[PDB]
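Readers should treat all values here as calculations from the given coordinates under stated rules, not as data from a laboratory. Positions of Cβ are generated from backbone atoms using ideal geometry, with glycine treated the same way; all protein chains shown enter the neighbour counts.
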Amino acid sequence: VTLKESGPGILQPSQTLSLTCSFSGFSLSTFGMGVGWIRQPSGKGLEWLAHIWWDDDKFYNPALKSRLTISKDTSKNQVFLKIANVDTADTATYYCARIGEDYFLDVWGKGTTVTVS
Amino acid sequence: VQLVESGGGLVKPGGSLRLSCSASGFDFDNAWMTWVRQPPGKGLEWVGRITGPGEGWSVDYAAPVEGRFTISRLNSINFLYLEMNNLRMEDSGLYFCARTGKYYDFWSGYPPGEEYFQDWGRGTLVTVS
Amino acid sequence: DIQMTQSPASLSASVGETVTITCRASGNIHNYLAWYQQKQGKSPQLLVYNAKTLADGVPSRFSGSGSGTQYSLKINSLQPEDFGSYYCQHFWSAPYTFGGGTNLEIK
Amino acid sequence: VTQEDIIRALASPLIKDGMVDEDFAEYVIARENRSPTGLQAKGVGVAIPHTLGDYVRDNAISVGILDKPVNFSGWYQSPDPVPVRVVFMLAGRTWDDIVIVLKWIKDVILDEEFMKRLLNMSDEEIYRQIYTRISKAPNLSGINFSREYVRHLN
Amino acid sequence: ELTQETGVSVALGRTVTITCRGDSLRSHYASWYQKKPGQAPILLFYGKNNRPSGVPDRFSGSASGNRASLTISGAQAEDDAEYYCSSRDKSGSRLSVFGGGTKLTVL
Ligand SMILES: *[C@@H]1O[C@H](CO)[C@@H](O[C@@H]2O[C@H](CO)[C@@H](O)[C@H](O)[C@H]2NC(C)=O)[C@H](O)[C@H]1NC(C)=O
């Protein structure tokens with residue numbers, strides 16, 4: 001039931017990065033299940049960016065709506081985060097976390113570090 | 001509200017005839033309408049019902065006449081028509097044209113609800129011989 | 001949009017005392033609230049969910065309370081293993097925004 | 001916090017999606033004014049606006065939750081309007097689809113525990129439980145219901 | 001399907017009820033229509049408790065179980081007529097059925 005994350009280490013400003021979450025031991029087709037993305041700038045608290053429910057609907061935080069896209073693929077147990085036009089301010093730790101039935105983030109990954117040059 | 005039927009007459013067994021019903025005083029387009037018949041000396045039996053625009057002009061026929069009678073409407077001229085083919089002796093009687101509405105009591109009714117006859121015309125007599 | 005306020009900005013406590021933290025909503029979110037604790041360099045872990053129900057594997061000394069727009073977490077007999085950063089999350093409507101949090105330090 | 005704004009608030013996602021006609025809101029307000037749809041339940045008051053007309057393009061249920069109840073005149077007459085917080089806007093194109101869904105909601109309303117929880121749920125939870133109740137029956141296929149159609153009013 | 005009494009009689013000024021029986025009446029309410037020979041019939045009873053305009057308040061319908069009835073109090077000479085009960089042929093069906101009717105004689 002372990003979540004795994006992978007993505008670019010050091011990237012150039014204004015390009016698009018693609019962060020991929022791999023799932024294992026858990027099926028993303030189950031009713032009531034879903035997954036979201038959490039960003040934590042260094043030295044700051046955490047903020048919510050987006051999540052997807054089992055039915056492939058989408059919700060995005062309005063403040064950054066223009067720069068967030070998620071592609072869900074049940075086959076191969078993958079979630080693709082595409083974040084466009086990365087600015088200096090977007091340096092942060094990113095986490096893949098399950099939304100959970102009854103609304104709670106019960107399973108968290110180890111996280112990944114994203115640094116903007 | 002006035003409904004005047006016409007087109008009845010004497011037809012030999014195996015023949016055909018078109019009946020017409022003029023309804024005025026209450027609009028044709030959104031209201032279901034029903035045909036009912038009465039052989040002389042006997043009670044009523046239901047003949048059939050034509051639905052409105054939202055149902056695709058579906059027509060529900062009574063079992064003893066299903067597959068033999070055709071009910072249709074022409075809104076561009078505002079008339080209701082019934083075309084009968086291959087009539088037999090049991091089909092003789094006075095045919096009435098009727099308006100149909102809906103009724104359902106929210107807590108106590110059952111789907112698909114009940115249908116209410118809002119008024120009836122005087123009828124046209126059809127005989128067989 | 002629903003905003004949320006974490007209070008106090010910071011707390012100061014010793015080992016063995018009972019302390020409380022408060023998370024106040026800007027709107028009526030009912031019981032769709034969860035509490036998490038993050039350790040330095042580690043992913044945050046869940047403490048309590050549905051405002052008052054303790055999660056499996058979390059010690060019984062954690063307790064949620066409050067109502068309406070204002071909710072709180074009480075932690076009794078604080079031990080060395082429990083220090084870190086605490087956060088509340090509201091699941092009433094998207095975006096699922098977070099509070100500013102608080103750092104609880106060993107004195 | 002009047003009833004006309006409530007009608008517009010629940011009609012909006014159906015006009016945007018194309019489930020109802022653009023002028024649907026006017027037909028349903030006129031229907032409510034001529035024949036009100038307020039119901040006094042033994043639990044909490046419920047209103048079920050519907051037009052039964054041919055304007056609606058397809059079948060849909062739009063569910064609104066009000067924190068501040070609004071007085072809807074009773075379906076079964078009576079002199080006392082019923083305060084309603086839960087609004088079920090019902091679109092459909094035949095007499096039978098509306099009647100069957102009315103029966104389904106009737107079974108929903110008399111479930112006391114469902115209604116008691118319903119008063120305190122988020123919009124997504126309402127979506128999940130109504131979606132489940134709709135899909136459980138073999139009938140009522142072909143009625144659209146989406147997350148956008150469940151909303152809180154203010 | 002729907003069975004009615006062959007015929008009944010009532011004395012002038014007295015109260016009688018006419019009973020309609022059938023199996024479809026457990027789920028759906030019957031409607032009542034009155035026809036006087038030579039005239040078009042006039043509509044008498046709608047659904048559970050709805051008297052249409054143009055009908056006097058001297059009589060009303062009721063139904064329960066597998067029975068339905070129309071109660072006519074103080075019958076006058078103009079009430080001599082055939083009464084028809086109508087309902088569904090089967091519960092849940094889209095076809096309507098009329099029974100053989102009842103002849104009401106008022107003396
Ligand atoms: C619905 O209407 C009733 C009747 O006007 C309201 O009840 C009245 O409320 C006033 C207070 O503003 C009292 O002084 C009256 O005595 C009440 N009368 C009755 C019969 O209850 C009720 O508050 C209204 N509810 C809403 C939501 O508008």
Separation of alpha-carbon centers, the stretch A:51-115 and the stretch C:1-74, rounded to whole Å: 23
C:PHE98's amide H: which non-local residues (gap 5+, or another chain) put their own amide H closer than 5 Å, with H modeled 1.01 Å from N in plane and none for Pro or chain starts? A:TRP48
Go through A:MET33, C:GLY100, E:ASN49 and say which Cα lies farthest out towards the positive end of the charge dipole of the protein assembly as shown; charges sit on Cβ, +1 for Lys and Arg, -1 for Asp and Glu. A:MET33
What's the whole-number percent of alpha carbon pairs in chain E lying beyond 25 angstrom? 15
Let me know the shape class of the stretch D:63-142, please: from the alpha-carbon gyration tensor, a ≥ b ≥ c as square roots of the eigenvalues, rounded when a/c is under 1.5, otherwise prolate if a/b is greater than b/c, or oblate. oblate
Kirkwood-based Rg over Rh for the stretch C:16-107 (C-alpha set), two decimals? 0.94
Using only Cα atoms, locate the centre of the stretch A:1-35 and the centre of the stretch B:74-90, then give the distance between them in Å, rounded to an integer. 67
With only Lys, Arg, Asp and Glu charged, each at its Cβ (+1 for the first two, -1 for the last two), find how big the charge dipole of the stretch A:3-110 is about the Cα centre; round to the nearest 20 debye. 300
Tell me the relative contact order for the stretch C:4-106 as a rounded percent, counting alpha carbon contacts under 8 Å between residues six or more apart. 36
What is the spin-label model distance, in nm, from A:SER22 to A:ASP55 if the labels are put 7 Å beyond Cα along the C-beta direction? 3.2
Among B:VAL59, B:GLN2, B:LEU94, whose Cα sits farthest toward the positive end of the charge dipole of the stretch B:2-122 (+1 at Cβ of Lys/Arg, -1 at Cβ of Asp/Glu, about the Cα centre)? B:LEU94
In this structure, among A:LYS4/A:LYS58; D:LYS116/E:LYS90; C:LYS52/D:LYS116; C:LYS74/C:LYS107; A:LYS76/D:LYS16, pairs with alpha-carbon gaps over 26 Å are D:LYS116/E:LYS90; A:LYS76/D:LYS16
Projected onto their principal axes, the Cα atoms of chain A stretch, largest extent first, over whole-Å spans of 39, 27, 26
Starting with the fewest neighbours, write out B:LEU125, B:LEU94 ranked by other beta-carbon atoms found within 10 Å of each beta-carbon. B:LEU125, B:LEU94
Based only on other Cβ atoms within 10 Å, what is the fewest-to-most ordering of D:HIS152, C:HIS90, D:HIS50? D:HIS152, D:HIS50, C:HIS90
Sum of -39500 (n - 2.57) over DSSP H runs of 4+, divided by residues of chain D (222 nm, nearest 500): -12500 deg cm²/dmol
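Among rounded, prolate and oblate, which fits chain D when a ≥ b ≥ c are the square roots of the eigenvalues of its C-alpha gyration tensor, a/c under 1.5 means rounded, and a/b larger than b/c means prolate? Please list the in-between numbers first.
On the way: a/c = 1.29, a/b = 1.04, b/c = 1.25.
Taking the square roots of the gyration eigenvalues as a ≥ b ≥ c, chain D is rounded.
Write down the Kirkwood hydrodynamic radius of the protein assembly as shown, to one decimal in angstroms, obtained as one divided by the mean of 1/r over all alpha carbon pairs.
After inverting the mean inverse Cα-Cα distance, the result is 29.3 Å.
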Charge dipole (debye, nearest 20) of the protein assembly as shown; +1 at Cβ of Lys and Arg, -1 at Cβ of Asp and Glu: 520
Among B:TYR61, B:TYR116, B:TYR95, residue whose mean-square fluctuation peaks in a GNM of chain B (springs only between Cα atoms under 10 Å): B:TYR116
What is the distance in Å between the Cα centres of the stretch B:1-59 and the stretch D:41-97? 35
Residue farthest toward the positive end of the dipole of the stretch C:4-106, with Cβ of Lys/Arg at +1 and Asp/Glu at -1: which of C:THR53, C:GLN40, C:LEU11? C:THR53
Tell me the label-point distance for the pair B:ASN30, A:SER42, using the 7 Å Cα-to-Cβ offset, in nm and rounded to one decimal. 6.8
Which of D:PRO138, D:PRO83, D:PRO36 moves most in a GNM of chain D, Cα contacts under 10 Å? D:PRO138
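Using the Cα centre of chain C as the reference point, and only Cβ charges (+1 on K/R, -1 on D/E), how large is the resulting charge dipole? Debye, rounded to the nearest 20.
60
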What distance in nm separates the two pseudo spin-label positions at C:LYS39 and A:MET33, each 7 Å out from Cα along the beta-carbon direction? 2.7
Applying 1/(1 + (r/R0)^6) with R0 = 60 Å to the Cβ-Cβ distance of E:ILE42 and A:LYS4, what FRET efficiency is obtained, to the nearest 0.05? 0.15
Among C:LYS52, C:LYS74, C:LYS42, residue whose mean-square fluctuation peaks in a GNM of chain C (springs only between Cα atoms under 10 Å): C:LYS42
Summing +1 per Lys or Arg and -1 per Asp or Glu among the other residues with Cβ less than 13 Å from C:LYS42's Cβ gives +1
